[PDB]
Amino acid sequence: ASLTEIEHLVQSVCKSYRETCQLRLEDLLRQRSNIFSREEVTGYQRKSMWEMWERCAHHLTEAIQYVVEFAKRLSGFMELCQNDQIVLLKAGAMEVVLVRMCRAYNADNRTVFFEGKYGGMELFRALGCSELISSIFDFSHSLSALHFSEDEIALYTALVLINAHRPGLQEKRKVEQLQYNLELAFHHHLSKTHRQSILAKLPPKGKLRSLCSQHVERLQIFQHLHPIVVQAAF
Ligand SMILES: O=S(=O)(c1ccccc1)N(CC(F)(F)F)c1ccc(C(O)(C(F)(F)F)C(F)(F)F)cc1
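Numbering-wise (the authors' numbering), the sequence shown opens with residue 265 and increments by one.
This is the structure in structure tokens:
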């Protein structure tokens, strides 16, 4: 693989991102002054457990759709069999959503963009999963300190999806080669931007995994349905 091939894979991944990112970074940054008032917060805390889980599962569904669209536009992914695609999307898609959320997270006041405004942890009291909420906030806080650029996000989330160490893969050799090529791309682009320093600072791969799993566990506990099943409907 040549320099031109590597730079093209970079441009193709970043383009696929830019087209599927759902929320424009500029919009999210500008919306940072648009903070929920006490009464609105109280308005959310008073809502039913059932309602809050309905709202949250719906936003998650939408976000997963965009991430699935991202994946389909990564070179090679479509060329994999339906089984291997779904194997990669099963946990991978939701792991990507949780990384993407650091863009909608403001470290200065520890708030998150939710349904049009920024609000802190207390917004989600009705859900009755404070430790799950804490885990998201703390993961998003640690990622924000890295100041991910749009392209770093793009490249890093491609690697989250395209990973050969996932249960029950068939064309495992071919996913290893797709993972290899995107690793070259990510590394090349980091050196070019003198941003190699983030490599050691990236969240341990199994931290994002165990976070995703615990959230999926609790999501299904509220009688919903695994996100992979829902996504299959489209
Ligand atoms: O917009 S969300 O509802 C959101 C929740 C918490 C903080 C900010 C934003 N949504 C974000 C998404 F990007 F997916 F749209 C979201 C919904 C639900 C979750 C959950 O992790 C779970 F369990 F449903 F997967 C939880 F409900 F627990 F928070 C996480 C994020």
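Cβ coordinates follow ideal geometry from the N, Cα and C atoms, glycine included.
Please confirm whether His488 and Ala355 have their CB atoms less than 8 Å apart.
For this step, residue 488 is matched to residue 224 along the sequence shown. For this step, residue 355 is matched to residue 91 along the sequence shown. Not closer than 8 Å, so no.
Rounded straight-line distance, which links the Cα of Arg473 to that of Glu435
To locate residue 435, count along the sequence shown from 1; it is residue 171. To locate residue 473, count along the sequence shown from 1; it is residue 209. In this structure, the CA atom of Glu435 is about 22 Å from the CA atom of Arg473.
Is any heavy atom of ligand 1 found at a distance shorter than 7 Å from the C-beta of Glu359?
Locating residue 359 in the sequence shown gives position 95, where the first residue counts as 1. No, ligand 1 has no heavy atom inside 7 Å of this Cβ.
Below 8 Å between beta carbons: does that hold for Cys476 and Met313?
Here residue 476 refers to the residue found at position 212 of the sequence shown. Here residue 313 refers to the residue found at position 49 of the sequence shown. Cβ distance not < 8 Å, so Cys476 and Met313 don't count as in contact.
Please confirm if the stretch 278-295 is in contact with the stretch 322-342, defined as three or more CB-CB distances below 8 Å between the two stretches.
yes
Among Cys278, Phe498, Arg437 and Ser461, which has the Cα closest to the Cα of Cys345?
Counting from 1 along the sequence shown, the entry for residue 345 is found at position 81. Comparing Cα positions, the closest option is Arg437.
Give me the Cβ distance between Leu446 and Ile426, rounded to the nearest whole Å; I'm assuming they're in contact under 8 Å.
Translated into the one-based positions of the sequence shown, residue 446 becomes position 182. Translated into the one-based positions of the sequence shown, residue 426 becomes position 162. Going by Cβ atoms, the distance from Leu446 to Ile426 rounds to 6 Å, so yes, they are a contact pair.
Quick one: any contact between the stretch 459-471 and the stretch 400-419, if contact means 3 or more CB pairs under 8 Å?
yes
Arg430: beta carbon under 7 Å from a heavy atom of ligand 1?
The count along the sequence shown starts at 1 and reaches residue 430 at position 166. Incorrect: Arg430 has no Cβ contact closer than 7 Å to ligand 1.
Take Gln443 and list the residues in its own chain whose beta-carbon comes closer than 8 Å to its own, dropping the five residues that flank it on each side.
Your numbering for residue 443 matches position 179 in the sequence shown. So the list reads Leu423, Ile426, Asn427 and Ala428, once near-sequence residues are dropped.
Sorted by chain position, which residues of the same chain lie with C-beta nearer than 8 Å to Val480's C-beta, five sequence neighbours on each side aside?
Locating residue 480 in the sequence shown gives position 216, counting from the first residue. Excluding residues within five positions, the ones whose Cβ falls inside 8 Å are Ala355, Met358, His490 and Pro491.
Identify every run of the beta strand (DSSP E) within the stretch 347-406, keeping only runs that are complete inside it and at least 3 residues long; order them along the chain.
Counting only runs of 3 or more, we get 375-378 and 381-383.
Spatial neighbours of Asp348 in its chain, beta-carbon cut-off 6 Å, leaving aside the 5 residues before and after:
Position 84 of the sequence shown, counted from the first residue, corresponds to residue 348. Only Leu433, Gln434 and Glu435 meet the Cβ criterion.
Same chain, Cβ closer than 8 Å to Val363, five either side skipped, listed in chain order:
Along the sequence shown, read from residue 1 onward, the residue named residue 363 stands at position 99. Closer than 8 Å at the Cβ level, and outside the excluded window around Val363, lie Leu407, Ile417, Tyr420, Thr421, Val424 and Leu472.
Alpha-carbon spacing of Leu273 relative to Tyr382, whole angstroms:
Sequence index remark: in the sequence shown, residue 273 carries index 9 (1-based). Sequence index remark: in the sequence shown, residue 382 carries index 118 (1-based). Looking at the two C-alpha atoms, the distance is approximately 35 Å.
Measure the beta-carbon distance from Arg367 to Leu292 and round it to whole angstroms, keeping in mind my assumption that it falls under 8 Å.
In the sequence shown, counting from the first residue as 1, residue 367 sits at position 103. In the sequence shown, counting from the first residue as 1, residue 292 sits at position 28. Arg367 to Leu292, Cβ: 6 Å. Contact.
Could you name the residues, in chain order, whose CB is less than 5 Å away from a heavy atom belonging to ligand 1?
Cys320, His323, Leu324, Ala327, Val361, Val376, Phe378, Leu396, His479 and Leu483
Take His405 and list the residues in its own chain whose beta-carbon comes closer than 8 Å to its own, dropping the five residues that flank it on each side.
Position 141 of the sequence shown, counting from 1, holds the residue named residue 405. Excluding its 5 nearest sequence neighbours in each direction, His405 has C-beta neighbours in its own chain below 8 Å: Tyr369, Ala371 and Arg374, listed in chain order.
Bounding residues of the alpha helix (DSSP H) (the contiguous stretch that carries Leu324)
What you label residue 324 is simply residue 60 of the sequence shown in a count that begins at 1. Where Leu324 is concerned, the enclosing alpha helix (DSSP H) stretches over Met313 to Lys336.
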